[PDB]
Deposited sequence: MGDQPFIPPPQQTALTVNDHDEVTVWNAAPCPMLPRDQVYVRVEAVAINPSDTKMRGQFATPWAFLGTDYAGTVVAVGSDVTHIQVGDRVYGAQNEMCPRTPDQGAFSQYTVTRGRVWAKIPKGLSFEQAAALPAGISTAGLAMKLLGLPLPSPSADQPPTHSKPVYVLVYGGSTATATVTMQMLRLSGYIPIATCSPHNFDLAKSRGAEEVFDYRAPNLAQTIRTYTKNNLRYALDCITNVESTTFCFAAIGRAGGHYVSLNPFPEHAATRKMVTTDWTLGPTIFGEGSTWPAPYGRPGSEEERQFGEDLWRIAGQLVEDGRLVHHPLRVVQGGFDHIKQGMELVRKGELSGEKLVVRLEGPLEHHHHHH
């Protein structure tokens, strides 16, 4: 049986709320239904930068998005060989599993929220995808929109065009969501900054608008025949919620946000990330919820679908900004992300 290394490097937060390169971190045990991954590349997400204060578990590993090489295979796992390449998501800073996080030299795969990297994709391209895939699926689920068929030789047809507003169409989440929406037969319309217009259109937006434009909500209401029933808010602040409520049609609509938030006929939801694992959250406030087998199966189904889409080139990664380096480079990348210094790109670290 496989024996994990006695120590490794991982990124964590210490007992003084500081992001820390930890050079004596433990290695996880190998679950019988998972595989053991030597991490080759990771992506940085805003969620990583927010794991602080009450949100941090000291000495628990940071990071969601990883891609690496399989070094050991759990005894109950089929269809994966030692030396295969995989990509997937981890559930960062879960006090029950503090030795599992993407920002580590060695991790294990989690649930079935992972896949084999297609032959034509690099570690960096693959690492850019997992939180995107996962978030896009949770949002479509919450909006009440069906997932794409991995078959189906092309999108369902609708009665009339069914628009979906995506506020923040240059975000990492939006560029993956808009491809998926299109594959399901929906027509995304996006708002973002002018320099990311071409990116939004390349990723499935039928039209794209500058979110700063005066009375843009009237423009959108006109465009959608005053019957916009779906708004996906990828920005999630006071202004984006106001805009989305204004753009939704006179007969009502559904607003889904990627974070919690503090007129009639609008239902509202927001995506809780660990939900993709069928895990819940131990956090208090609006976060804590029990896990569920239905949530687990959804996540597996999504990943089976999206895996095939990525494999056939029908779902593509957000543009990359690739850094070569070690764990301090992940730490610096987080700060860049936290400061909003990235536009239209995802920061990926290839671990050297």
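Student: Give me the ranges of the deposited sequence that have no CA atoms here, in sequence order.
Tutor: Residues lacking C-alpha coordinates: 1-4, 267-271, 362-371.
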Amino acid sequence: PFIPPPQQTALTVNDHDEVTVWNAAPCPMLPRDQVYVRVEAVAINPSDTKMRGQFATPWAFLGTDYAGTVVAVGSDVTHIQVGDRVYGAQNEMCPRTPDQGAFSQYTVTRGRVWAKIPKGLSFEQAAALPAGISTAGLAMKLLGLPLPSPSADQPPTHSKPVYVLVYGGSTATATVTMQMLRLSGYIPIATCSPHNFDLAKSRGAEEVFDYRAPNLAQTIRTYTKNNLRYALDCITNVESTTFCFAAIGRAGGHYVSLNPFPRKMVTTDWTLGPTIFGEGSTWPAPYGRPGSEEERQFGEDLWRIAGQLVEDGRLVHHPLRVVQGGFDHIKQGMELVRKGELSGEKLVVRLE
From here on, numbers count along this sequence of modelled residues.
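Student: Quick check on the record: does 92-100 or 245-253 carry the larger mean Cα temperature factor?
Tutor: Mean CA B-factor is higher for 92-100.
Student: With reference to the PDB entry, specify whether the mean Cα temperature factor is higher for 106-114 or for 155-163.
Tutor: It is 155-163 that shows the higher mean C-alpha B-factor.
Student: According to the deposited entry, which of 171, 218, 134, 78 has the largest Cα B-factor?
Tutor: That would be 78, according to the entry.
Student: If you check the C-alpha B-factor for each of 42, 37, 51, 27 in the entry, which is highest?
Tutor: Reading the PDB entry, the winner on C-alpha B-factor is 51.
Student: Place residue 291 in the lowest, middle or highest third of its chain's C-alpha B-factors, as listed in the PDB entry.
Tutor: It falls in the top third of the chain.
Student: Quick one: classify residue 319 as lowest, middle or highest third of the chain based on its Cα B-factor.
Tutor: Middle third - that is where residue 319 ends up once the chain's C-alpha B-factors are sorted.
Student: Lowest, middle or highest third: where is residue 298 by Cα B-factor in its chain?
Tutor: Answer is middle: the recorded C-alpha B-factor places it there.
Student: Name the third of the chain's ranked CA B-factors that contains residue 122, choosing lowest, middle or highest.
Tutor: According to the entry, residue 122 has a C-alpha B-factor in the chain's middle third.
Student: What third of its chain's C-alpha B-factors does residue 57 belong to: lowest, middle or highest?
Tutor: Its C-alpha B-factor, which the entry lists for residue 57, ranks in the highest third among residues of this chain.
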